[PDB]
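A.B. asks: Here it is, the structure in full.
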Amino acid sequence: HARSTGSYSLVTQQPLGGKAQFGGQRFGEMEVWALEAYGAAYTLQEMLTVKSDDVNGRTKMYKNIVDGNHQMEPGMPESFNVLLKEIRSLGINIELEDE
Amino acid sequence: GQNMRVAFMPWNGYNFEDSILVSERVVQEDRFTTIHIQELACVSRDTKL
Amino acid sequence: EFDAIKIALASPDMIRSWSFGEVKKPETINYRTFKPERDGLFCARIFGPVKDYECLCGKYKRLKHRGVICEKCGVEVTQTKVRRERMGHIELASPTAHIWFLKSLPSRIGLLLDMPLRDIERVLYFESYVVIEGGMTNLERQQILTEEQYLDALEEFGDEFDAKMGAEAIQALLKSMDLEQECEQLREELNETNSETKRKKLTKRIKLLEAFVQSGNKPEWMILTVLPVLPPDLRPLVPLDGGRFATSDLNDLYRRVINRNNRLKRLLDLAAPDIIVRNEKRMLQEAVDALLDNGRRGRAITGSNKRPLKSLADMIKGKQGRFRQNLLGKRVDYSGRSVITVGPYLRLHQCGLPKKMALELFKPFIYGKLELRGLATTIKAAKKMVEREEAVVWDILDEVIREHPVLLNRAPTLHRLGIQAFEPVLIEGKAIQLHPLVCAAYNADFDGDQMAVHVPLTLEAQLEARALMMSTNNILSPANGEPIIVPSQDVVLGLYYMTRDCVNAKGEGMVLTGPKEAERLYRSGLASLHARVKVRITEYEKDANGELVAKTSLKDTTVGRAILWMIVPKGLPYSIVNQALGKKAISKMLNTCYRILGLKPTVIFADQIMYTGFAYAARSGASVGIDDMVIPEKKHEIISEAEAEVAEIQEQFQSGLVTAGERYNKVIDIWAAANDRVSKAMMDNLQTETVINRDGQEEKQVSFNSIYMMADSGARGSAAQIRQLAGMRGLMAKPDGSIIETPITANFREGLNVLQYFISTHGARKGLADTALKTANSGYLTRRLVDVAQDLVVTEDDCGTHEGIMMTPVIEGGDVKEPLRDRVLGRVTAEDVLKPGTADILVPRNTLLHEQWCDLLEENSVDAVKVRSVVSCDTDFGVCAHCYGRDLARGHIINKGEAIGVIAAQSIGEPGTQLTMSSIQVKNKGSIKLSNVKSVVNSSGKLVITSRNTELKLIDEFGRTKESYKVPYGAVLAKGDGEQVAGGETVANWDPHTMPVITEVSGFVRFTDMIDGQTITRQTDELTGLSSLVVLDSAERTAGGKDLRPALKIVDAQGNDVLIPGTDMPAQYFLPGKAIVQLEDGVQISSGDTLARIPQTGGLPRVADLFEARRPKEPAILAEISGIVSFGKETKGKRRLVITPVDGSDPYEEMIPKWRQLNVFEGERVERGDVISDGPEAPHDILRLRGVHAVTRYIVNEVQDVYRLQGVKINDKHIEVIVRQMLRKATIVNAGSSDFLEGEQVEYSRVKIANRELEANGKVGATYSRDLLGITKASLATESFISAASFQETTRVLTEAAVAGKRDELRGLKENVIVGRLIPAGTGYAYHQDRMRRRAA
Amino acid sequence: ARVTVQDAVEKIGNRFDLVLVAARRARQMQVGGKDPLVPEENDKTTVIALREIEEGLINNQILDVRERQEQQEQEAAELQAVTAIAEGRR
DNA sequence: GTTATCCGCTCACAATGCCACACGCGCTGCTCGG
DNA sequence: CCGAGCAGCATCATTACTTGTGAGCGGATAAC
Ligand SMILES: [Mg+2]
Ligand SMILES: [Zn+2]
Ligand SMILES: [Zn+2]
């Protein structure tokens, strides 16, 4: 089974899992390490941001590739916003540096 | 299963490591074509609406 | 945008600033109408509209009216997205403690107040009374109290005595604590203090306070008064088919805590019965505690399901928290999954692909090509067309993926190859065909192993995948430069059968006009596939660079080899195809082809080899029948003999003529001998079983049996399995590891008696369990590895240094395992390497030593090379190119960017699945060199070993040492020096159960302080009648002679102590306990004689405990500083021991458990680090005693040993970078010019840059000491924290980085991966250097 | 018609810089369609760029100087046009 | 007695990746409610 | 009256063989 684009989890705008849910694949820790072992910079980059996160980014990707243009618009992994908000749920202040 | 007439020899590597090569006859005879029965349950709740 | 992640505590003001309201009511949703309840955990007014641009009350449904709150339900009208960020807050009716700073060992509050954590705990939970502000009475600002004490002081004073309990007590206590005052006070008090552990605690607390005041945090913030609540989105309440909602634990904990809060407030306004409000405050503290962490202080398991509730911390830590679940590795969306098959028709770079998967994946590219082709100018019609699969869509897809690479990925991606790229092709079915060689690369069997697919979509990514991870660019494994693409099986058999030679086959003796001629001959069946013939061949040759000579010689070969020659690409000489061409021979062929003819001809050659191998294997018809594995007929007899043998041996025991243990050993030995005999019988009856005739009588040729055509070819399984099949299976193992007496007489072609199969089951199940556990263990190990080195990226080009480690050809007591050429190959030398023609510079000091260099080296037979490590490189935050040496998996030097840390960690962790869980004889000729020995002669003209670390070496005539040994103490030397002796000609013998007190001058011997009964007893040789003095030491004897010890004197012909000839010191010998002495009074001594005969893991856990660098059980005590040994005041529980340097000050006295024995007498004199007591060594001591080079050589030796034991090979570079990582921290020795404290551990790189900048100025550097941490701790104590947050603990690291305000700049693979930007390793290195050079001013 | 990248990386003495320059070149050759130097054979922009690279007529300095010459042409043409338009105000 | 020393005990903290599939996930006498 | 929702519950002893390791703390043990 495969998955071009479809459903997405609510708690995090990452795709579901399982053939039953028509979900994608778990690009886990070891795949990340294998990638970064090569150069694989842009590949891993887009795979982390625009492939399966960054709702605006992935929508822009889909709309830009259908027009026959291959270019990434890496924004911010929504799950990272999740992590920030979750940490901030504790007294742990955490921001983004100005520069 | 099924008792199959089988030979032990390489064949253009189409049985390279342990893959098994078959003959369209084993399909035409339905020797392995099996069935699968799966259920789908539609429920009818009673919402407050 | 940003470039750093700031982190610290949050004031209540800050928290409230984040808020968008104050939720009051626990209730979530109306059920009669599924709407979010006002003032609830989903209140639209407090968080946002449930539907986009639609007011809750329905007063607005238009994008225009965006931004105006309603007036009937009072909710802003925006997109629903805002319900993902708006955080709420709760006004805790009473203050309360934050569990993290209160219980994460060490309790930050406790360290902050110098207060026992027990006390703060007992006062938070309302059980005690802390007195604060310490009025004029006998009360303190920090003292704890109890009820009776409380009311007694109350009756004593109603004022100037402020005893409180619970949160607000802690709050007021913190708030008045003058931070910097206490800081400078303890500071001036620190150098005053000198008790060790007091100083350590002082510096810990002073660092805490200094970081606090430096940070913006304020102590009172460590006690919550307002509690932020997560947005409604991230804790969703998803319903079911009916009114069943998945009540996420967060909602339930929030309900509980807000319920407690409301109740407690309502009590506070209602006249507040004191004990009741007290207990309710305690309960609310417990509830908020559970919410922040269900872990500590007890459990808050959910209802109806006896399991805990998901805490907030739970949503972070563990393999389920956002870090290891969605941040680092997130579930991708874009590609596919299936099971694999072979399909060998395709080239090396291609791969199969099902039409269905293809159609589903490139659906966007499909729409693009359709629109651009106008055949469907609307996306809806595009979906319709792709749903109807009109052949137009088919050839459009065929065009759109014509060059579009894709990524095949095994499930567990052990090492770098686990993911690779291929140009896909369309096939039918649902399987994923792929080239065989690369399936051997993944360690990908075809047992149903599923593989995932991944299409790279953006142009940069596609070109990347074509450039780097396409299979045709990875033939040398990055672990070892050996070719990873080796024809494994079912193709090696083909060639081996082809390149063989039947003596008299059809067609022998002809002459062939070229390989094509013989091929035509064979295809027409006019001659066998392997018969000796004569063919003319033009082996092209590259004599000089670029040229190609062609010698049309006339060689005698076989038509098999003649045919196979049609594939070599005008390179390799014919001599590489003329042999039997086994598997190792194939690897050799491919390797030399690659070395001589670049890359592309080699991939073409490999493709052709695989094709022709499959073809001629199928043409062969190699098939294993039952009568093939012929049993050696004599085996039976052999058995009976051995059987009869053991029979009479039982008599030897049944008649009691021999002992039981020797009987067991003898049974084992006769069985092993019979096993070897039957194995050799089976082989000799198999390997040459064929007997044929050439135009005449008879000949004996190597066998054409199906078996041994797979074994001898190296195709599948070695003789160690054949002899298990045909011959006797041999012995098998008990569960403990013992060996059963009666082995499996049977074999496999014959059956097995039940018991035989049972014992075989013992063995097999042990093996299977070992694999089933080692898989997960090795996974965890390699994870720790990749974490601790996820930052090393080659950034500078040449550190420009000179410190190198002395790489030497390793010797282990046997023959040389790893020759120097195997180790130093491909690594930049440290300093100029002299030809052993001394004062002849062989190679300069900045030379990438490649193969011709290593050959020029071994030619002159050098000893060892000082070579640039990676642990000696000097560049800050990353290592220089030349130090890391030759990049493997390629030929060039390393390129700036390869994240060598990660590739090294992978190459180390991968083969982990291949792990588990009296005399000295020379062997060749040469001199007899001795190191660390003070050689004194004996009366027998021999030489006596008089030291502790005497090393024997056997060198060759060509200058390289061949053998090495550790000749023990007191062992006599029956051999001189330079004595060219053959093997087995012994040099030194001894007895391990002795440790003599050999002298260094002849004469008589005297007693001094030799007291019988008190300090020594009289013990006799009661089996011969001889007598002796038994020196029992202090403790064993009575105390009346405990404090007293004996001393034997090497007297002259008089009876006077003589001075050591060569110096100006006496030599009398204290003898330890159990000293069984015979030397009577005034009796002549031999020079160096035995005065007293003093009686004397493995698997992956080994490398694990190695890299963790944990103190091994009973570590070998080393020598801190030199001097003479003397046990101090004896039996202080331990056995104390002082040692006085020759003149160095000796303020130290090490206490060794007198239970544990010792390896150094009193009057001994040896330098630091010598083995004071034998045993394993703690690498920390190794480092701190003998530098960093010693410990890194020790670690590389150890782990390379453990891997060689399993035959796997790992180039030392990887373990080398790992050892460089596990010690990048340093502890400071002095204050130094800058503000570096004493017990302040800090990044040795930062110490280096600080000392560098200061010594540039007028000041003097700060003295440091290279520390050493286990990979875990050495990873946690990282400059960046988000990395160490993700890695393992994520509840200490967060608390510390928060209380310290650890502004985290990323500069790391981990972070840049998490935050979702480029990576400093790959092309991202180019991007980051362009950013730092231009975008960073 | 490209299977390997050996001579490609022979032209640019680094793999990562190679892929980066080639990617920039191919992106220009897809959006804002430039002229594919090597004659294409129904090939994606990727392999076209890699073939140009291996030919030796495209690398970092060469691509940048061509872009800067085209950009200065844009500068001079824009100057001519806008000064002629300011003259059109008369 | 002090003063620090070390030791037994306690408690926290780690447990391969994927997959796939299956199964399941408040209650209970108070509250309300007509 | 009686069904449908609901609000905060250790629901007594609910026990629980090790897993292996590290760190810290209260208290035995010894020097000054
Ligand atoms: Mg398998
Ligand atoms: Zn409204
Ligand atoms: Zn260096």
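Just so we're on the same page: first chain in the structure tokens is A, next is B, and so on; residues restart at 1 for each chain, and ligands are numbered from 1 in the order they show up.
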With only C-alpha atoms (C1' of nucleotides) and all ligand atoms counted, collect every polymer residue having an atom within 7 Å of ligand 2; state the result as a ChimeraX atom specification.

C.D. replies: /C:55-59,70-75

A.B. asks: Restricting the output to N, CA and C atoms, write the selected residues as a short mmCIF file (atom, residue, chain, number, x, y, z; two decimals), in the first residue's frame.

C.D. replies:
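Once written, again-v9.cif looks like this:
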```cif
data_model
loop_
_atom_site.label_atom_id
_atom_site.label_comp_id
_atom_site.auth_asym_id
_atom_site.auth_seq_id
_atom_site.Cartn_x
_atom_site.Cartn_y
_atom_site.Cartn_z
N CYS C 55 -18.87 32.27 14.36
CA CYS C 55 -19.12 32.48 15.78
C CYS C 55 -19.80 31.26 16.38
N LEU C 56 -19.63 31.10 17.69
CA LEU C 56 -20.26 29.97 18.36
C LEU C 56 -21.77 30.11 18.36
N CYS C 57 -22.27 31.30 18.70
CA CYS C 57 -23.70 31.54 18.76
C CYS C 57 -24.34 31.70 17.39
N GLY C 58 -23.56 31.63 16.32
CA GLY C 58 -24.12 31.75 14.99
C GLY C 58 -24.44 33.16 14.57
N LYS C 59 -23.86 34.17 15.22
CA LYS C 59 -24.14 35.54 14.83
C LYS C 59 -23.32 36.00 13.63
N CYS C 70 -18.02 37.99 19.55
CA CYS C 70 -19.46 38.01 19.57
C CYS C 70 -19.95 38.65 20.86
N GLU C 71 -21.26 38.83 20.95
CA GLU C 71 -21.87 39.41 22.13
C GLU C 71 -22.95 38.54 22.73
N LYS C 72 -23.31 37.43 22.08
CA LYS C 72 -24.27 36.49 22.63
C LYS C 72 -23.60 35.28 23.25
N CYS C 73 -22.47 34.85 22.70
CA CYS C 73 -21.61 33.88 23.36
C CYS C 73 -20.23 34.43 23.66
N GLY C 74 -19.85 35.55 23.07
CA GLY C 74 -18.59 36.18 23.37
C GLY C 74 -17.40 35.33 22.97
N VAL C 75 -17.21 35.15 21.67
CA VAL C 75 -16.08 34.39 21.15
C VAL C 75 -15.54 35.10 19.92
#
```

A.B. asks: Dump the neighbourhood of ligand 1 as number ranges by chain: all residues within 10 Å, distances computed on only C-alpha atoms (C1' of nucleotides) and all ligand atoms.

C.D. replies: C: 443-450

A.B. asks: Please dump the current selection as a CSV table (one decimal), in the first residue's frame; keep N, CA, C and O atoms.

C.D. replies:
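Generated output (part13.csv):
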```csv
chain,number,residue,atom,x,y,z
C,443,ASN,N,21.6,-6.8,4.0
C,443,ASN,CA,21.3,-8.0,4.7
C,443,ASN,C,19.8,-8.3,4.6
C,443,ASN,O,19.1,-8.5,5.6
C,444,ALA,N,19.4,-8.3,3.3
C,444,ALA,CA,18.0,-8.4,3.0
C,444,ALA,C,17.8,-9.8,2.4
C,444,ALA,O,18.0,-10.1,1.3
C,445,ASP,N,17.2,-10.7,3.3
C,445,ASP,CA,16.8,-12.0,2.8
C,445,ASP,C,15.5,-11.9,2.1
C,445,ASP,O,14.8,-10.8,2.1
C,446,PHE,N,15.1,-12.9,1.4
C,446,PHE,CA,13.8,-13.0,0.7
C,446,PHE,C,12.8,-13.9,1.4
C,446,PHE,O,12.0,-14.6,0.8
C,447,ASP,N,12.8,-13.9,2.7
C,447,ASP,CA,11.9,-14.7,3.6
C,447,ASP,C,10.6,-13.9,3.8
C,447,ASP,O,9.9,-14.2,4.8
C,448,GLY,N,10.2,-13.0,2.9
C,448,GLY,CA,9.1,-12.2,3.2
C,448,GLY,C,9.4,-10.9,3.8
C,448,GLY,O,8.5,-10.2,4.3
C,449,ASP,N,10.7,-10.5,3.8
C,449,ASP,CA,11.1,-9.2,4.4
C,449,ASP,C,10.6,-8.0,3.6
C,449,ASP,O,10.8,-7.9,2.4
C,450,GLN,N,9.8,-7.2,4.3
C,450,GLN,CA,9.2,-6.0,3.7
C,450,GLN,C,10.2,-4.9,3.6
C,450,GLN,O,11.0,-4.7,4.5
```

A.B. asks: Might you pull out every residue within 12 Å of residue 1098 of chain C, with only C-alpha atoms (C1' of nucleotides) counted and same-chain residues fewer than 4 positions away left off, and present them as an mmCIF file with C-alpha atoms, in the first residue's frame?

C.D. replies:
```
data_model
loop_
_atom_site.group_PDB
_atom_site.id
_atom_site.type_symbol
_atom_site.label_atom_id
_atom_site.label_comp_id
_atom_site.auth_asym_id
_atom_site.auth_seq_id
_atom_site.Cartn_x
_atom_site.Cartn_y
_atom_site.Cartn_z
ATOM 1 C CA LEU C 915 28.622 -10.749 18.565
ATOM 2 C CA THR C 916 27.577 -13.181 21.304
ATOM 3 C CA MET C 917 26.249 -13.092 24.865
ATOM 4 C CA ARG C 1102 31.980 -6.511 26.906
ATOM 5 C CA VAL C 1103 32.038 -3.673 24.386
ATOM 6 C CA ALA C 1104 29.060 -2.183 26.211
ATOM 7 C CA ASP C 1105 30.800 -1.984 29.582
ATOM 8 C CA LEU C 1106 33.876 -0.822 27.684
ATOM 9 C CA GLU C 1198 40.173 -3.958 23.502
ATOM 10 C CA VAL C 1199 37.257 -3.420 21.152
ATOM 11 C CA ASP C 1201 40.067 -7.607 19.923
ATOM 12 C CA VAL C 1202 36.432 -8.304 20.727
ATOM 13 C CA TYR C 1203 35.466 -7.813 17.090
ATOM 14 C CA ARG C 1204 38.367 -9.804 15.648
ATOM 15 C CA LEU C 1205 37.320 -12.670 17.910
ATOM 16 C CA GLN C 1206 34.129 -12.754 15.846
#
```

A.B. asks: Write out as a list in words each polymer residue (protein, DNA or RNA) that has an atom no more than 10 Å from ligand 3, with only C-alpha atoms (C1' of nucleotides) and all ligand atoms counted.

C.D. replies: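 For ligand 3, the residues inside 10 Å are residues 794, 796, 797, 798, 799, 800, 801, 802, 803, 804, 830, 868, 869, 870, 871, 872, 873, 874, 875, 876, 878, 879, 880, 881, 882, 883, 884 and 885 of chain C.
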
A.B. asks: Please dump the current selection as a short mmCIF file (atom, residue, chain, number, x, y, z; two decimals), in the first residue's frame; keep C-alpha atoms.

C.D. replies:
```cif
data_model
loop_
_atom_site.label_atom_id
_atom_site.label_comp_id
_atom_site.auth_asym_id
_atom_site.auth_seq_id
_atom_site.Cartn_x
_atom_site.Cartn_y
_atom_site.Cartn_z
CA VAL C 794 34.78 17.35 9.52
CA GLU C 796 38.51 22.39 9.15
CA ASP C 797 40.92 21.15 6.51
CA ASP C 798 44.14 20.79 8.51
CA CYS C 799 44.43 21.39 12.24
CA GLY C 800 48.17 21.82 11.73
CA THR C 801 49.52 19.83 14.66
CA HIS C 802 52.11 17.18 15.43
CA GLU C 803 50.71 14.93 18.18
CA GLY C 804 50.12 11.44 16.84
CA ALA C 830 51.75 12.54 12.19
CA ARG C 868 47.54 11.64 13.21
CA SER C 869 44.56 10.44 15.21
CA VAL C 870 41.21 12.11 15.38
CA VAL C 871 41.53 12.37 19.17
CA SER C 872 44.62 14.53 18.67
CA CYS C 873 43.10 16.98 16.18
CA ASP C 874 43.05 20.59 17.32
CA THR C 875 40.11 22.28 15.60
CA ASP C 876 37.31 23.46 17.85
CA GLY C 878 34.73 19.39 14.82
CA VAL C 879 37.89 17.74 13.54
CA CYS C 880 40.13 18.60 10.64
CA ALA C 881 40.21 16.67 7.40
CA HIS C 882 43.78 15.45 7.55
CA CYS C 883 43.49 14.16 11.12
CA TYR C 884 40.55 11.94 10.21
CA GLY C 885 42.60 10.48 7.40
#
```

A.B. asks: Which residues in chain A does DSSP call strand (DSSP E)? List them as a list in words.

C.D. replies: residues 25, 26, 92, 93 and 94 of chain A

A.B. asks: Quick one: write out the picked residues with N, CA, C and O atoms as a PDB file, in the first residue's frame?

C.D. replies:
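Okay, this is what ended up in part01.pdb:
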```pdb
ATOM      1  N   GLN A  25       4.565   6.011   6.184  1.00  0.00           N
ATOM      2  CA  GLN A  25       5.569   5.168   6.806  1.00  0.00           C
ATOM      3  C   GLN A  25       6.246   5.923   7.934  1.00  0.00           C
ATOM      4  O   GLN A  25       6.299   7.152   7.942  1.00  0.00           O
ATOM      5  N   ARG A  26       6.777   5.167   8.883  1.00  0.00           N
ATOM      6  CA  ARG A  26       7.488   5.749  10.013  1.00  0.00           C
ATOM      7  C   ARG A  26       8.957   5.852   9.644  1.00  0.00           C
ATOM      8  O   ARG A  26       9.698   4.871   9.711  1.00  0.00           O
ATOM      9  N   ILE A  92       8.355  25.925  32.388  1.00  0.00           N
ATOM     10  CA  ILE A  92       9.568  26.053  31.598  1.00  0.00           C
ATOM     11  C   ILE A  92       9.318  27.008  30.445  1.00  0.00           C
ATOM     12  O   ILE A  92       8.760  26.619  29.414  1.00  0.00           O
ATOM     13  N   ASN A  93       9.730  28.259  30.608  1.00  0.00           N
ATOM     14  CA  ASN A  93       9.663  29.202  29.503  1.00  0.00           C
ATOM     15  C   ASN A  93      10.631  28.781  28.413  1.00  0.00           C
ATOM     16  O   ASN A  93      11.793  28.465  28.681  1.00  0.00           O
ATOM     17  N   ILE A  94      10.152  28.794  27.177  1.00  0.00           N
ATOM     18  CA  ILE A  94      10.982  28.435  26.038  1.00  0.00           C
ATOM     19  C   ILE A  94      10.559  29.258  24.833  1.00  0.00           C
ATOM     20  O   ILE A  94       9.389  29.260  24.441  1.00  0.00           O
TER      21      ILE A  94
END
```

A.B. asks: I'd like the neighbourhood of residue 51 of chain C as a PyMOL selection string, where a residue qualifies if any of its atoms comes within 10 Å (using only C-alpha atoms (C1' of nucleotides)), though same-chain residues fewer than 3 positions away should be ignored.

C.D. replies: chain C and resi 44+48+54-56+61+77-81

A.B. asks: Would you write out those residues with N, CA, C and O atoms, as an mmCIF file, in the first residue's frame?

C.D. replies:
```
data_model
loop_
_atom_site.group_PDB
_atom_site.id
_atom_site.type_symbol
_atom_site.label_atom_id
_atom_site.label_comp_id
_atom_site.auth_asym_id
_atom_site.auth_seq_id
_atom_site.Cartn_x
_atom_site.Cartn_y
_atom_site.Cartn_z
ATOM 1 N N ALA C 44 -14.907 28.052 23.930
ATOM 2 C CA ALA C 44 -14.549 28.803 22.737
ATOM 3 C C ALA C 44 -14.097 30.209 23.093
ATOM 4 O O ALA C 44 -13.135 30.726 22.516
ATOM 5 N N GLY C 48 -10.980 29.650 21.289
ATOM 6 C CA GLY C 48 -11.259 30.035 19.929
ATOM 7 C C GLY C 48 -12.469 29.351 19.339
ATOM 8 O O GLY C 48 -13.058 28.443 19.930
ATOM 9 N N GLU C 54 -16.637 31.238 12.078
ATOM 10 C CA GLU C 54 -18.035 31.048 12.444
ATOM 11 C C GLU C 54 -18.152 31.229 13.947
ATOM 12 O O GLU C 54 -17.584 30.448 14.715
ATOM 13 N N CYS C 55 -18.866 32.269 14.364
ATOM 14 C CA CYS C 55 -19.115 32.481 15.779
ATOM 15 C C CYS C 55 -19.796 31.260 16.382
ATOM 16 O O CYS C 55 -20.445 30.471 15.693
ATOM 17 N N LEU C 56 -19.628 31.098 17.691
ATOM 18 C CA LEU C 56 -20.259 29.969 18.362
ATOM 19 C C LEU C 56 -21.773 30.114 18.356
ATOM 20 O O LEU C 56 -22.497 29.166 18.032
ATOM 21 N N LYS C 61 -20.990 34.342 10.089
ATOM 22 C CA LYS C 61 -20.501 33.208 9.317
ATOM 23 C C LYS C 61 -19.739 33.668 8.083
ATOM 24 O O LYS C 61 -19.702 32.957 7.072
ATOM 25 N N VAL C 77 -13.961 35.581 16.283
ATOM 26 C CA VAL C 77 -14.207 34.899 15.021
ATOM 27 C C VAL C 77 -12.916 34.911 14.214
ATOM 28 O O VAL C 77 -12.513 35.940 13.663
ATOM 29 N N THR C 78 -12.250 33.763 14.161
ATOM 30 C CA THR C 78 -11.044 33.599 13.365
ATOM 31 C C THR C 78 -11.105 32.234 12.702
ATOM 32 O O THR C 78 -12.146 31.572 12.690
ATOM 33 N N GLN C 79 -9.982 31.810 12.143
ATOM 34 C CA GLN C 79 -9.859 30.424 11.734
ATOM 35 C C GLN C 79 -9.760 29.541 12.967
ATOM 36 O O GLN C 79 -9.286 29.964 14.022
ATOM 37 N N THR C 80 -10.227 28.301 12.834
ATOM 38 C CA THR C 80 -10.177 27.376 13.958
ATOM 39 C C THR C 80 -8.747 27.073 14.373
ATOM 40 O O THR C 80 -8.517 26.644 15.508
ATOM 41 N N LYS C 81 -7.781 27.324 13.488
ATOM 42 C CA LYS C 81 -6.386 27.010 13.775
ATOM 43 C C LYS C 81 -5.928 27.592 15.102
ATOM 44 O O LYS C 81 -5.099 26.990 15.791
#
```

A.B. asks: For residue 23 of chain D, find every residue with an atom within 12 Å (counting only C-alpha atoms (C1' of nucleotides)), except residues of its own chain fewer than 2 positions away, and show them as number ranges by chain.

C.D. replies: A: 42, 70-71; C: 458-467, 1323; D: 16-21, 25-30, 44-50, 52-53, 58-60, 63

A.B. asks: Would you mind exporting the chosen residues as a PDB file, in the first residue's frame, restricted to C-alpha atoms?

C.D. replies:
```pdb
ATOM      1  CA  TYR A  42      17.990  18.554   1.253  1.00  0.00           C
ATOM      2  CA  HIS A  70      10.117  21.195  -7.798  1.00  0.00           C
ATOM      3  CA  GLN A  71      10.966  23.517  -4.927  1.00  0.00           C
TER       4      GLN A  71
ATOM      5  CA  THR C 458      12.021  18.491  -4.643  1.00  0.00           C
ATOM      6  CA  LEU C 459      14.567  18.925  -7.402  1.00  0.00           C
ATOM      7  CA  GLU C 460      17.522  19.372  -5.072  1.00  0.00           C
ATOM      8  CA  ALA C 461      16.549  16.179  -3.270  1.00  0.00           C
ATOM      9  CA  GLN C 462      16.206  14.147  -6.463  1.00  0.00           C
ATOM     10  CA  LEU C 463      19.571  15.268  -7.775  1.00  0.00           C
ATOM     11  CA  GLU C 464      21.000  14.522  -4.338  1.00  0.00           C
ATOM     12  CA  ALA C 465      19.649  10.975  -4.295  1.00  0.00           C
ATOM     13  CA  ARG C 466      21.093  10.470  -7.755  1.00  0.00           C
ATOM     14  CA  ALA C 467      24.447  11.829  -6.624  1.00  0.00           C
ATOM     15  CA  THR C1323      25.306  20.030   1.455  1.00  0.00           C
TER      16      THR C1323
ATOM     17  CA  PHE D  16      28.288  18.095  -2.031  1.00  0.00           C
ATOM     18  CA  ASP D  17      29.338  21.207  -3.928  1.00  0.00           C
ATOM     19  CA  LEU D  18      28.777  19.158  -7.083  1.00  0.00           C
ATOM     20  CA  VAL D  19      25.182  18.281  -6.275  1.00  0.00           C
ATOM     21  CA  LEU D  20      24.487  21.810  -5.051  1.00  0.00           C
ATOM     22  CA  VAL D  21      25.770  23.546  -8.184  1.00  0.00           C
ATOM     23  CA  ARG D  25      21.644  24.821 -12.626  1.00  0.00           C
ATOM     24  CA  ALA D  26      18.826  22.346 -13.215  1.00  0.00           C
ATOM     25  CA  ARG D  27      16.347  24.474 -11.278  1.00  0.00           C
ATOM     26  CA  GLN D  28      17.211  27.386 -13.539  1.00  0.00           C
ATOM     27  CA  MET D  29      16.828  25.046 -16.507  1.00  0.00           C
ATOM     28  CA  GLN D  30      13.309  24.035 -15.439  1.00  0.00           C
ATOM     29  CA  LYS D  44      14.738  15.345 -16.764  1.00  0.00           C
ATOM     30  CA  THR D  45      16.532  18.568 -15.906  1.00  0.00           C
ATOM     31  CA  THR D  46      18.574  16.661 -13.328  1.00  0.00           C
ATOM     32  CA  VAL D  47      20.472  14.412 -15.725  1.00  0.00           C
ATOM     33  CA  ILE D  48      20.733  17.332 -18.156  1.00  0.00           C
ATOM     34  CA  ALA D  49      22.558  19.370 -15.531  1.00  0.00           C
ATOM     35  CA  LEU D  50      24.777  16.453 -14.558  1.00  0.00           C
ATOM     36  CA  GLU D  52      26.511  19.597 -18.627  1.00  0.00           C
ATOM     37  CA  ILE D  53      28.703  19.310 -15.529  1.00  0.00           C
ATOM     38  CA  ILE D  58      29.254  24.381 -16.100  1.00  0.00           C
ATOM     39  CA  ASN D  59      30.550  24.874 -12.568  1.00  0.00           C
ATOM     40  CA  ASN D  60      30.254  27.371  -9.729  1.00  0.00           C
ATOM     41  CA  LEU D  63      27.433  29.534 -13.649  1.00  0.00           C
TER      42      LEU D  63
END
```
